[PDB]
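Asks: sequence isn't available, so here's the structure alone:
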């Protein structure tokens, strides 16, 4: 909670109730706004290989942040998603919140499925 100089002999204190202090100043909001910059056609392309042969990449509906994935695992342990937030140098999460190294390109994720047959 905090720290302050204090000296007292062992035993019952004088009046450990009259005084008061607060250290919880955390502030958060639900359903925060998000910013997604516009890009040119086919600007973002991901390439991957799976099934021991070949894998094709396609676009997805809207954008799914890593926080979404984190939330699924968070509820597993009974942790509150809202209680956990990702901030960088006091900067609110943005579209580029993803790792700089990955540069939002060729996401390291693979899937194996052949539901659709054709060609």
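Replies: Thanks, I have it. Numbering: from 1, shown residues only.

Asks: so which helix or strand takes in the residue sitting nearest the centre point of the chain?
Replies: The chain has residue 67 as the residue nearest its centroid, 3.4 Å off, counting by C-alpha atoms, centre = their mean. Following DSSP states H and E, one finds residue 67 within helix 66-76.

Asks: from the chain's centroid, how far away is that helix?
Replies: 8 Å (C-alpha atoms, centre = their mean, to the nearest Å).

Asks: for residue 114, which residues are in contact?
Replies: Shown in contact with residue 114 (C-beta atoms under 8 Å, 6 or more residues apart in numbering): residue 51. Heads up, the C-betas are built off the backbone N, CA and C, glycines and all.

Asks: look up how far residue 54 lies from it.
Replies: 11 Å (C-beta to C-beta, to the nearest Å).

Asks: got it, and residue 43?
Replies: For residue 43, the distance to residue 54 - C-beta to C-beta - is 23 Å.

Asks: same question for residue 33.
Replies: Per C-beta to C-beta, residue 33 is found 40 Å from residue 54.

Asks: cool, and residue 63?
Replies: Note on residue 63: its distance to residue 54, by C-beta to C-beta, is 26 Å.

Asks: the two: which is more packed in?
Replies: The residue with more neighbours, out of residue 63 and residue 54, is residue 63; 11 against 8, by other C-beta atoms under 10 Å.

Asks: was I right to think the more buried one contacts residue 94?
Replies: No: assessed by C-beta atoms under 8 Å, residue 63 is found out of contact with residue 94, at 11.6 Å.

Asks: count of neighbours near residue 28?
Replies: Residue 28 has 8 neighbouring residues, counting by other C-beta under 10 Å.
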